[PDB]
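Given next, in structure tokens, is a single chain: the form deposited in one PDB entry.
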């Protein structure tokens, strides 16, 4: 055996799983508001049942908190609430982590056992571009050393310790840099989804993933992800890169052919080695691995056996 239960997409459809808390047409169409990539068949057939499987784990942890509190006679030392349930979402630049995380957020928010579902990306913990510069790490942006790991650990520890106030910095995805002074405040959510390139990375002592209750790694063939990466880079020329304030503004005027060259070379020298060296080795650590085919649909699900 392996430590995973495995389904391909045909097997998954053949489970004929039931939606209890089922969405209407208008609620599903509402989800097209989450991002350009949203496919309602992926949502309904894959993500809805995944959300229910995760919900079972969250509810189980809430009930175990209550059973343990009552066993102990609810001492003053013991918190009154279960701490937040934290879900990591890992995977390559451009594999679809953020869309997946946003779908899970919107679906998990639908249960009254846990209506407060916050989503924090670890991009917020990247050093600013000027600070990467001063640290000699611009060429390694997205590698584990390009993050303030101390800050990231402090933030997740605060949340997992049950604090009522924890603050994270914020990255501008349009300017490709940290927003000075900006913060996202998290206040003992029911679930925290933590998304980013370093979330399952291991470390010599406590690592951030020691605070997770569940993690998902979004997977695909390296060459398919390269394609999605080049496509996204070309698409940014007239959107994100168009703003003269963007750190990537210099890219806005590249021709299609020049943009493919620039994107493939960023992939070749930064994102691909980061994936091979740092991200792909963490794939077996995740509770759930979802593989996407070339067309972005999930073709394989591997769930750790309970």
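Residue numbers count along the first chain shown, from 1. Each form is matched to the other, and the largest set of C-alpha atoms that superpose within 1.5 Å is called the rigid core. Only residues modelled in both forms are compared.
Unshown form deposited in another entry; subsequent notes refer to it.
Just one of the listed positions, 266, 50, 69, 28, moves its Cα by at least 2 Å between the shown form and the other one when the rigid core is held fixed, and it is 28. Fitting the two forms on the rigid core leaves the C-alpha of residue 15 displaced by under 2 angstroms between the shown form and the other one. Residue 37: CA moves 2 Å or more between the shown form and the other one after rigid-core fitting. Put simply, residue 18 and residue 41 spread apart in the other entry: their C-alpha atoms are 3 Å or more farther than in the form shown. Three angstroms is the minimum change: in the other entry, the CA atoms of residue 29 and residue 114 sit closer than in this structure, by 3 Å or more. Once both forms are overlaid on their core, the sole residue range between the shown form and the other one with Cα shifts reaching 2 Å in three or more consecutive positions is 16-37.
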